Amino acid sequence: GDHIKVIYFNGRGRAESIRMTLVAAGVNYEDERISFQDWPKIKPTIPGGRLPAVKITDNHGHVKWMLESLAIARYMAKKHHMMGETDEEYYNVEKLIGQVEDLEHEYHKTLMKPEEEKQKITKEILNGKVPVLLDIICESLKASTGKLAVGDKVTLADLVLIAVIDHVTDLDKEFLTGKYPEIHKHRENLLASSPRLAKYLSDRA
């Protein structure tokens, strides 16, 4: 009920979509970062043994657990009308989430690898599915009925798009420079449409 605790390990990993949803909805939460050396003793206490996870405690001390980051974000976005106003908007929200998920899948391949292997996979996907999936997302952004990803108000599709673009720029600062104008335009409109999210991203840097 009352207190929402986000348990995670990666600084800007899958938990970013939970935080950005809560911030855009104006809901408070507490960060609980688990460390590498502590994870062996913490894992048996997490249902499913996987992070990130969400812990909810009420006025009375009863603990409710929530698993699977994007499932958690979908629930919080639904509760605050960030999953489309209609069934047709709901589809378009999920359509962009699915495409963002594919781009995130390619980015994830480079994670937790030795320096030489990480460089090899980065070089491979940047010449591969990353530009192909970026063009697909740009077409989905152009088909919007408003200034944001789906319609004119914030939805979950807006948030996971910001998170995955920051992952792309992590692979290459210059990869989007002078290209993909609809992606640059989406972020500018999104910051202008939610000052709380802009406050969150500005202070995070």
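The first residue of the sequence shown is number 1, and the count goes up from there.
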Compare the mean C-alpha B-factor of 90-98 with that of 108-116 as given in the PDB entry, and name the stretch with the higher value. 108-116
Mean temperature factor over C-alpha atoms, higher-scoring stretch between 62-70 and 151-159: 62-70
Residue set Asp166, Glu139, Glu30, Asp38, per-entry CA B-factor max assigned to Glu30
Criterion, highest CA B-factor; candidates, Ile34, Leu176, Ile46, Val54: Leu176
Report the third (lowest, middle or highest) to which the CA temperature factor of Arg19 belongs, ranking only the modelled residues of the same chain. lowest
